[PDB]
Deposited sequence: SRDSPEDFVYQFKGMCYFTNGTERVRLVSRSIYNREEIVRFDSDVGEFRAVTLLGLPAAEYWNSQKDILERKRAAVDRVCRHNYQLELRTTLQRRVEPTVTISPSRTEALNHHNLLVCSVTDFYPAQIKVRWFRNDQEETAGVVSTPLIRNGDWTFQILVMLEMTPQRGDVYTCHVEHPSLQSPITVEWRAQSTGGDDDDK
């Protein structure tokens, strides 16, 4: 018998595709965890998502001044802010640090990179390995960097060289890190 709580959320969400060619605003009104009413710029008017949002949708769609502010938001909010992102967050480049260590398993740690696009692959004597590879999901550190770990099941022979191969938009060419038994 824990304390009682009531929650309301409002989310002004902008969806960008291919620069600013395709921009879409979805403003969501949520009571507890149920979204009750939303303005979708591709619709052009408020819509009730559930029964509880029906009074709001009918009221807000009757206010011309509210409706015209919502329709303008895809430009006043989404497109305006994206121009600031283009100078800042979309310019952020953090190059990944790549290290290998054993665990029989080889672990390639790819740590502290931004943005999220990344490609990591294992090589055994310059042959690409696809069997016995385990990849973590992309790990969001919360401080605007990601990490990922890629494990390789291995039974090395003498002379074997294992290469962890990392491609990321911040790099002028892929990083390779080698490991020998």
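Of the deposited sequence, the ranges 1-2, 106-113, 192-201 have no C-alpha coordinates according to the record.
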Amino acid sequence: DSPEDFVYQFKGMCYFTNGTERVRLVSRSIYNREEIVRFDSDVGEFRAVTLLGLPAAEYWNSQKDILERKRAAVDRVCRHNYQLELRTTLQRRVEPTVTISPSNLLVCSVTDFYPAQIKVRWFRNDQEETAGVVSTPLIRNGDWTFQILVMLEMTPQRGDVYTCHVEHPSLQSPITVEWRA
From here on, numbers count along this sequence of modelled residues.
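Just so we're on the same page, rigid core means the largest C-alpha set that superposes within 1.5 Å between forms.
Note on 145-153 and 128-136: with rigid core alignment, C-alpha atoms in 6 other deposited structures of this protein sit farther from this form for 128-136. Where the structures in 6 other deposited structures of this protein are fitted on the rigid core, 155-163 is the one of 155-163 and 12-20 whose C-alphas sit farther from the shown form on average. In this crystal structure, the stretch out of 110-118 and 56-64 whose C-alpha atoms carry the higher mean B factor is 56-64. Of the two stretches examined, 44-52 and 133-141, the record assigns the greater average C-alpha temperature factor to 44-52. Across the residues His168, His165, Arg158, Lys11, the deposited record lists the maximum Cα B factor for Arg158. In the deposited entry, the Cα temperature factor of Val98 sits in the bottom third of values across the chain's modelled residues. When the modelled residues of the chain are ordered by C-alpha B-factor, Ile175 sits in the middle third.
Residue-level temperature factors show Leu86 in the highest third of its chain, judged at the C-alpha atom. The deposited CA B-factor of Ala72 belongs to the middle third of values across its chain. Split the chain's modelled residues into thirds by C-alpha temperature factor. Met154 is in the highest one.
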